[PDB]
Amino acid sequence: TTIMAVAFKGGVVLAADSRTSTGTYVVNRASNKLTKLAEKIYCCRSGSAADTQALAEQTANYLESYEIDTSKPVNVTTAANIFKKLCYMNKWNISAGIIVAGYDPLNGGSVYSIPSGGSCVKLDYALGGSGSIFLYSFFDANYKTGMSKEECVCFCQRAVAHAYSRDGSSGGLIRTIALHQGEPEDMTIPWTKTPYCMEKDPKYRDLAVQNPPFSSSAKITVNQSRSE
Amino acid sequence: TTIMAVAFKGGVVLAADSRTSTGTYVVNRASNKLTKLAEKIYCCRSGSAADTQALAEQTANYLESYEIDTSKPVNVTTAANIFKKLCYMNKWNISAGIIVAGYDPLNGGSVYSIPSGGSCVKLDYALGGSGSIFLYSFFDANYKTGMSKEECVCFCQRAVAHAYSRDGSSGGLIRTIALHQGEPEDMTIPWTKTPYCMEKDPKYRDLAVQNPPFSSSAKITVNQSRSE
Amino acid sequence: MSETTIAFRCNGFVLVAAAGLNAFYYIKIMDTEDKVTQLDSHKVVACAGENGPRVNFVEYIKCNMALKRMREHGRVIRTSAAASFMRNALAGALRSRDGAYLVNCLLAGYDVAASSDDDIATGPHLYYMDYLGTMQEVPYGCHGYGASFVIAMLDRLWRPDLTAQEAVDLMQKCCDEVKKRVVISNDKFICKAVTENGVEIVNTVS
Amino acid sequence: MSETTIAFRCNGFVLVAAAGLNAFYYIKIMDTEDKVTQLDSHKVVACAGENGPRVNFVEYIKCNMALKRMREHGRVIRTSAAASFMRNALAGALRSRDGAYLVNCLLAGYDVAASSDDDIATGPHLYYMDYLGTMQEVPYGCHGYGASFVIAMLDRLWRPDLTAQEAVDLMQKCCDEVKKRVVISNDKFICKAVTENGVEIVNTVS
Amino acid sequence: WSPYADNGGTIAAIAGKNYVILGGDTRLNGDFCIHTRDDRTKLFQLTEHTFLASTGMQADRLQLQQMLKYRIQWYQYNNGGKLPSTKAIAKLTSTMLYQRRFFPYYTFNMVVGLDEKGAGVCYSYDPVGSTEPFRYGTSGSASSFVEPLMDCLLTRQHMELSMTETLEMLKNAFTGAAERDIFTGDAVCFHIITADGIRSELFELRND
Amino acid sequence: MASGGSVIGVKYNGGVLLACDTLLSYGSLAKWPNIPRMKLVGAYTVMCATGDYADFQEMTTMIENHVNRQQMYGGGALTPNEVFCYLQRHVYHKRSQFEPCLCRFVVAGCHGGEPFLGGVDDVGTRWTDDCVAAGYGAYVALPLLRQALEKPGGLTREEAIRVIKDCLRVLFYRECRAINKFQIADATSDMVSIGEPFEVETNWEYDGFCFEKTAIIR
Amino acid sequence: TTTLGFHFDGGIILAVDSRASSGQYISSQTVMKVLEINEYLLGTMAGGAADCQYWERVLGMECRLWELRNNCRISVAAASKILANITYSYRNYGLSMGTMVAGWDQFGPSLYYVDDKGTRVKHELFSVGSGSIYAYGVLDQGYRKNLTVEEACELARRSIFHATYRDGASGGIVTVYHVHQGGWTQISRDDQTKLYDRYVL
Amino acid sequence: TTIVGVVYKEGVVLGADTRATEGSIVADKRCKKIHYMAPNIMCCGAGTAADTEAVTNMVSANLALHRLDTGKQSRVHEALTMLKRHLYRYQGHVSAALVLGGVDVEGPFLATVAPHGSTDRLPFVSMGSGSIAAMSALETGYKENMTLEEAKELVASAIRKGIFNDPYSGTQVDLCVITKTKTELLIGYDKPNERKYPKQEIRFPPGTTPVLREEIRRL
Amino acid sequence: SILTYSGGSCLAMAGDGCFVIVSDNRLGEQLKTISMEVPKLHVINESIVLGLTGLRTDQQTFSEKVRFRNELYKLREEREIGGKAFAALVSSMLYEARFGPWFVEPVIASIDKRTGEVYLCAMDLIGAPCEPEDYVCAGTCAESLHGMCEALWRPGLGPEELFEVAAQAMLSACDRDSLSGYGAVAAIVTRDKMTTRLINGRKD
């Protein structure tokens, strides 16, 4: 799994891959890991599918009740706090890394990270899942604050493509959603139009020379392609 | 540990960090992991210090004898083959990932990777150590064939700085050596002049807001800095 | 299986015998403990196991049988009903929190008519039970390391029409063969008969 | 410790006794095996352990002692030299590939002058050994589960000046107390005396 | 990693007054899959009157077949060109299996052939080589079905066949085994052994 | 512990095809995407394997040297059948010393106008058939190839290529450690050739894969 | 399995059953558990069939060589000693074996027990196997030195019968042998189910 | 076990094989694996048989109560939620995998439920020990807006891959078609494993078995 | 194994308007035999017989609970229970102990009095049923029994012919099993009558 969320000027972008696997076999190649918690607040889910589905549903139930009781739309910080409490009270019996992100008019676009263990950290961007390890350096080199909404969608699509080209446990579609004061905008990129993969990178077109033909010299040239 | 080797037009660059550790304490902050096997052939060593020192020394002994018996300088492929055989015959009792690289006039600049298990692969670049995982994406995005010797030194210095800023098991000096038809050129960069670190990156200057003061609003602003 | 118990029924009686030994690892503390316990006027149970579980199990059965007696005008309960209650207590304990009672029993009784309306077949009965709650009516039966030797002897020599004298002789041969062949010392036996006249000690067996 | 062995020395003799039992788990196969083995005209060893190791160990000691005899004009070897050789074979085996010989021994002998030049102190000797190769000269000693009971009795009743008759009586009380208090049945003992006239069976002990 | 794999399937034989009939199924199973439906490695001819039949691990029966073939070749070179009897091969096999007591072949074997009087005989072995001569036998994944049926129809303790009638009984026993054992199926190769020679025949079974 | 994924092969009327991808992995990491995993042996034979790459390299180097030397020193050119037998005895011997070759092999060739195809596993099990596979190819591809071989007459070269590509397509959809980059070897007319790498066409745009329908909370 | 042997005035009787069981499935009902080593000595098997059969065949080979080199028959004490040395040398290698060895030599009839750890014991009566614990019950009731050959055969037969009727691992056919001065004879073979009908009266 | 479902133009087609095993033995050659949930909703089950049976019966009864209370047709999403909540509480100890399909006022619905309680809504699925083989036919044969006949041929071909290639699946194909107006069960839709050699008949003459005693009773 | 500790086996077969159900007689403690007269069949009413195998303490406990529920059913409902409802009841009682099971494996045979239809069921120890139209088997010699029936059973047998086939299947399988034997008992049930027979077997 590869998940992330990034803040921009006046909102957030969430992004993910679409693969669910038992280790070496793909059970679903088109999962949806961006789960809605309220009109402008979403989470990204990693770890056990069963545990994350169950805690997202419970968090959403509590936010809907709260919103009816106050007659106002909820803030991102309230969703993060409710979710944190469920992750922390159940930490020994679950496998879950969560990112909560969204837009509200008090604080604008906000991103919170809730990793294994149940801590809660407020950031400018967050990464999660098996594929995150491939992206720390990509962001350290190429991320800046103050990107526009279109810059930020394009950047997150590229980041997800890099992680899934190297991580066997990620793959498939790239899903994104952008949350701001207007309406939410979702997008799905198919593998055939991915912005990066190893299979089409020209520096990996020519094969390594592992199988040189039997020769009278120690010079290494080409791979054998036909029987002698 | 972070090690690598990259080919350029007419030679190779090897690079490494300088840290040796027992897990969470640093026993040597200035190790040298680029080990000489012949005048223009070096290896990079990762894993158990004891095992890699012992197999490098044995490989070097055999190359010196071979060179005296033929009266000619040895090829990179011969050093890789000798080293591979020692790694493969002893695979259950050692912890070693090796990179062999060098220059010879028959094949030019060559890079071979010999990971755990004792396989041998001939490539354009190789990565090894705990820190390598942070660099697959950096190379996928920013590496090209046909760089000059000065481009390639600068690129490898930057790559090592990115890996060691994220990996707790790497740190300290960056050591490089460039091998071509002329004389070998070694270089050591101190931490104080590193080309990248998180501590001086402006996007990580401002602290996250984790400790907001007690307030009458749910708006999040700044961290508390003085007692009430 | 450090203590052996033996029983067999013939036409008007049941004989029951058990070894006296109490041990602490490899030390004999005493060899005269009576383990053939009388439950009512015409019933006995012989039990094999550690003192704690054995005594706590037979006192629980005795208490419930005395209660049941006085809420029933003091009438002697049938042997099959006592057997059924014991089996149900052993099986109950197996699935309880405290765990199984580690005891193995032989229950013997002689049924006698309650009144003139009673159409019960009068006679001797013998039931084998184990610590799990298995229960089977049998003509003869045994527990302990000696069991296998004695069972084979009885398969060879037992008949239903043995007289009282032939039966006492046969029980003495059974006890002697346990002493001959079992490493664990079972040097003294206590034996009792159950008949139409009640329960009596047989003194000529040891 | 399923078999008990006892020994004690007084002024002109050593008595040695051992239980006859051979077992297969809980079954007595026989109870008349002789485990007090004669090594030469004036020496015996009593061993406790499984038949395989016991027999292979005493035949190895007997063979080496016979060889040593004929490369020495047939002269009787001293008891301390035989003890020293046994201890060295037990300790050797402990650090060998096949492992320790699991046997515990008591070695007894009566030393007699070789010739007129011999300035050896004549007399009875008794050595305790264990399977590891520990070896100690003692006035009395025991192996097996019964050992602790008998040692305490001998601490209370043994003296160096017991007559032959008092000693045979004392050995019978020791054997009876093993039968009384040890759960594992040791029903028959075989006993031998070592004296200036050689080795003889004592028939009045069992 | 284990050095052992069970590849499945079943063998059976029945002896007559002057023949023996021997059958093995052709499926080779992997882990949760099938490698092929046409393996012929369960039956192996040793002479014109003697066969080896094996179940269990396929790589171990391949080794045992070759070890026997070479000991039998040495016997001919040391005995004037003559071949060993069915009884001589049966004792050799017992001895070879016991000599590997400490890392045993994972195989259930039979030796079948004609004796010296010309009658059929079957020897069945446990994996370290105990055996006895008998009139019928079976081993493998369906053997606990087939064996009680052979006891019923051939000895009749609760109540002389032709070659043709004996072969029909085995066809029916394999058909039943293929319906109820998941590792037995596809086809049976049958060999009929007589003094004259050896006739063969292939018989189809259910493919699921 | 560089390792290779699936391999698949099928016989057609006149030859045999063998296919795999160009990737070596280290655990989940996709480390080298441009590795030729098929190796020519002598004049008539090609092999490939699933599992430990270092063990595949040791074993094939050893067999190739034996085959080239026997020919150079006057003992003729080994056939695919003989090469296969030799491979299997080496794998069984190593299993028997508790030092196993941790690979599963597929071997193909053509000699005498007669095609060969066979597999060997890491305890020494061996078999030959009209279709053979290793890795996830054994669960994913054999069902499809066995159905294509049901038609009477056998496959043409074109039908064989088409069903091989359907198999590679499913491995890319459903095997985690895979890439979309494959080679095919063809043994026919007493020789072997290895093709250039190619990619297959894939479908990602079904209505049932859309963002609204796959959502957990509505 | 059940085997027994005893020594009476007229020689040695041996008797056995014929079942082979893992512990649930019955692999055969016709195993021969008395091994005719040669024509003056017998063995019995209990424990692992293969171990008893192989090493008893080795012992038969050693007895025949002795006879060729020395021109006389080996004694029972030596034969049993050759087998106990073998088992002792393999005492750490996991054999399972419980044999009797019987014969009549120049010192008269002799009966030994030999096991897988090097144990070797000489005595007048033994029973071995999982059914032994039933056979000793009947045998200790009927055994005396002054039995006639016919009485001794009956006692042995009835004892194996009672073991077969109660022990799940014993059954099949009951076989009786008699070891005498002229060598040995097979006295009888009887299905244990036919014997049930003759003893239930 | 092999179980399969697809969505077509107007409905859902579910499929299953019919073998049950214990160990390496075939206990039942014709077990039913397609269970009734509601008039418009069906379920196939893999896993521990008792667990699968218990869960589907409990939810089927709670859906029937809810139709009497509310007066409205059962929704497939409700069934799905009720299954998921029960499975999640037992943390995988109730080991049932299910394929659920049906049709309600919002059109066709197909999903899976894993034993730990996770779900997936998709246009073609497979579960069981034959699931990898069956999924190879689905990925090669599926397309958008299939007719009913194309969809039955595709589900039957996926179940036959399990039958011929997976040792724990076998015997024959059962289908179930679910449309807006009706649910049709087609047991034995395809039988590709008949008898090759006819069963020899083994007659025992009456009186063959020895009897010791006999009692009779009239009813 | 806990299921093989006590011994015993059971089989049932269907015919034309009849069934036959058969059990062995042995009771043991692993390889020791306690008794040779313990059949494992229980008559529930004129139309239904239950066979129980497994650990003997759980056979005795579980059959007593079933007889108690059946007595209360008859007083509440004023009718005898039928075979399909009885098997559903038994399955529900086993699943109630899902996470601490009764170690028993029931076989159930019944005939509908009116129609003449026969119903067979076998269950595992947590209650999963299987309802074939030919035969069901359980116990220590289950694998052998399962194969004997596949070979001898055929459709449409009458009472006497069906009896012969079931007896031969039970005796052949028991002769290859150490833990089941000492003959067998059988019940033959039609609409009109119920017969019971004792079958002679081996004594080992």
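### Here's the deal with the state of the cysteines
Residues and elements named next belong to chain A.
Consideration 1: Following the criterion strictly, the structure yields zero disulfides over all chains and no others.
Consideration 2: Between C43, a free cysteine, and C44, which holds the nearest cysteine sulfur, the sulfur-to-sulfur gap is 7.1 Å.
Consideration 3: A relative accessible area of 0% means that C43 is categorised as buried.
Consideration 4: Free of any disulfide, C87 has its nearest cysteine sulfur in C43, 9.5 Å distant.
Consideration 5: Judged by relative accessible area, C87 falls into the buried class, the value being 5%.

### Focus on the sheet that holds strand β9 (residues 135-137) of chain C
In any sheet, the strands associate via hydrogen bonds between backbone groups, in a parallel or an antiparallel arrangement.
All names here are of chain C.
Consideration 1: Judged by pairing direction, the sheet is antiparallel, and its five strands sit side by side in the order β5-β6-β7-β8-β9 without closing on themselves. A single partner strand is all that each edge strand has here, and the edge strands are β5 (36-40) and β9. With direction set aside, neighbouring strand axes in the sheet form an average angle of 20 degrees.
Consideration 2: The pairing of strand β8 (residues 123-129) with β9 spans three bridges and is antiparallel. Across the sheet, residue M129 finds its bridge partner in β9, namely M135.
Consideration 3: In the packing of helix α1 (residues 51-70) onto the sheet, contacts are made with β5, β6 (43-48) and β7 (104-111), and the angle to β5 comes to roughly 15 degrees.

### What to know about helix α3 (residues 147-157) of chain C
Because an α-helix completes one turn every 3.6 residues, residues spaced three or four positions apart along the sequence face the same direction.
Consideration 1: The element α3(C) is largely enclosed, with a buried count of nine among its 11 residues.
Consideration 2: For α3(C), the complete set of buried residues consists of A147(C), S148(C), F149(C), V150(C), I151(C), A152(C), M153(C), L154(C) and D155(C).
Consideration 3: Where α3(C) is buried, its residues touch β1 (5-10), β10 (140-143) and α4 (164-181) of chain C, β4 (27-30) of chain D together with α3 (132-142) and α4 (149-166) of chain G.

### A short note on a negative patch on the surface
Consideration 1: A grouping of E39(A), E64(A), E67(A) and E183(A) is seen on the molecular surface, where their side chains present a negatively charged patch.
Consideration 2: With respect to the helices and strands, the residue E39(A) is situated in the loop between β5 (34-38) and β6 (41-47).

### Some words on the interface of chain I and chain C
Consideration 1: If you look at the interface, chain I gives 17 residues, while chain C gives 11 residues.
Consideration 2: Where chain I abuts chain C, roughly 1100 Å² becomes buried across the two surfaces, and 45% of that area is made up of carbon and sulfur atoms.
Consideration 3: Among the residues of chain I in contact with chain C, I34(I), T57(I) and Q60(I) are the three that bury the most area, contributing 36% of the side total.
Consideration 4: Along the contact surface separating chain I from chain C lie two salt bridges.
Consideration 5: Here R87(C) makes a salt bridge to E64(I), at a shortest N to O gap of 3.5 Å.
Consideration 6: Where chain I meets chain C, there are eight residue pairs in polar contact.
Consideration 7: For the side of chain I that touches chain C, the secondary structure elements donating two or more residues are β3 (27-29), β4 (32-35) and α1 (56-77) of chain I.
Consideration 8: Per element, the largest residue contribution to the side of chain I that touches chain C is six residues, and it comes from α1(I).
Consideration 9: A breakdown of the residues in the side of chain I that touches chain C according to their chemical character gives eight nonpolar, five polar and four charged.

### Remarks on unusual backbone geometry
Consideration 1: Look at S71(A): it is not a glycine, yet its phi comes out positive at around 65 degrees.
Consideration 2: With phi around 65 degrees, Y182(I) is a residue other than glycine that occupies positive phi space.
Consideration 3: Here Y182(I) is to be found in the loop between α4 (159-174) and β11 (184-190).

### So, the UniProt feature "active site" (unreviewed entry) in chain G
Residues and elements named next belong to chain G.
Consideration 1: Taken from the UniProt record, the annotation "active site" (unreviewed entry) applies to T1.
Consideration 2: Here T1 shows up in the segment before β1 (3-8).
Consideration 3: If sequence neighbours within four positions are ignored, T1 has contacts with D17, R19, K33, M45, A46, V128, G129, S130, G131, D167, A169 and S170.

### Some thoughts on the interface of chain F and chain A
Consideration 1: At the interface, 48 residues of chain F touch 53 residues of chain A.
Consideration 2: Between chain F and chain A, the buried area comes to about 4400 Å², and carbon and sulfur atoms account for 58% of it.
Consideration 3: Taken together, chain F and chain A are joined by one salt bridge.
Consideration 4: Across the pair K200(A) and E199(F) runs a salt bridge, and its minimum N-O distance is 3.6 Å.
Consideration 5: At the boundary of chain F with chain A, the tally comes to 22 residue pairs in polar contact.
Consideration 6: The set of elements that each furnish at least two residues to the side of chain F that touches chain A consists of β5 (29-32), β6 (39-41), α1 (53-72), α4 (157-174), β13 (192-194) and α5 (211-214) of chain F.
Consideration 7: Per-element accounting of the side of chain F that touches chain A gives the leading share, four residues, to α1(F).

### Quick look at the packing of aromatic side chains
Geometrically, a pair of aromatic rings is defined through the distance of the ring centres and the angle of the planes.
All names here are of chain A.
Consideration 1: Evaluation of the coordinates by the stated rule reveals 57 aromatic pairs over all chains.
Consideration 2: Aromatic side chains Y143 and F155 sit 6.1 Å apart centroid to centroid with 55 degrees between the ring planes, which places their arrangement in the tilted category. Of this pair, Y143 sits in the loop between α3 (136-142) and α4 (149-166) while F155 is found in helix α4, placing the two residues 12 residues apart along the sequence. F155 matches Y143 in its accessibility class, with the two residues each being buried.

### Remarks on a nonpolar patch on the surface
Consideration 1: A cluster of nonpolar side chains, namely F24(C), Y25(C), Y26(C), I29(C) and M30(C), defines an oily patch on the protein surface of about 570 Å² accessible area.
Consideration 2: Along the chain, the position of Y26(C) falls in the loop between β3 (22-24) and β4 (27-30).

### Brief notes about the pattern of salt bridges
Consideration 1: For the coordinates displayed, the defined rule picks out 84 salt bridges over all chains.
Consideration 2: In this structure, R180(E) engages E150(I) in a salt bridge whose closest nitrogen and oxygen atoms are separated by 3.0 Å. One end of the pair, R180(E), is in helix α4 (residues 163-180); the other, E150(I), is in helix α3 (residues 142-152), on a second chain. Note on accessibility: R180(E) and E150(I) belong to one class, buried.

The rules behind these values
- Residues numbered from 1 in each chain as written, not as in the entry; some residues may be left out.
- Chains lettered and ligands numbered in written order.
- Part of a larger assembly, values for the part shown.
- Heavy atoms only, no water.
- Disulfide = S-S within 2.5 Å.
- Buried < 20%, exposed > 50% of the residue type's maximum accessible area, 1.4 Å probe, protein only.
- Pairing = 2+ DSSP bridges.
- Helix = DSSP H or I, 4+ residues; strand = E, 2+ residues; numbered from the N terminus.
- Axes fitted to C-alpha atoms, helices over the stretch in contact; angles between N-to-C directions.
- Contact = heavy atoms within 4.5 Å.
- Patch = residues over 30% accessible without salt bridge, like charges linked within 9 Å, V, L, I, M, F, W, Y side chains within 5 Å.
- Areas by Shrake-Rupley, 256 points an atom, 1.4 Å probe, with all protein chains shown as cover.
- Salt bridge = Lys/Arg side-chain N within 4 Å of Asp/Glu carboxyl O.
- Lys, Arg positive; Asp, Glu negative; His and termini not counted.
- Charge placed at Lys NZ, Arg CZ, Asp CG, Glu CD.
- Buried area = accessible area lost by both parts, 1.4 Å probe.
- Polar contact = N/O pair within 3.5 Å; in protein donor to acceptor, adjacent residues only side chain to side chain.
- Nonpolar A, V, L, I, M, F, W, Y, C, P; charged D, E, K, R; others polar.
- UniProt positions renumbered as here; feature names shortened; annotations may be inferred.
- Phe/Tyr/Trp six-rings, centres within 6.5 Å; stacked < 30°, edge-to-face > 60°.

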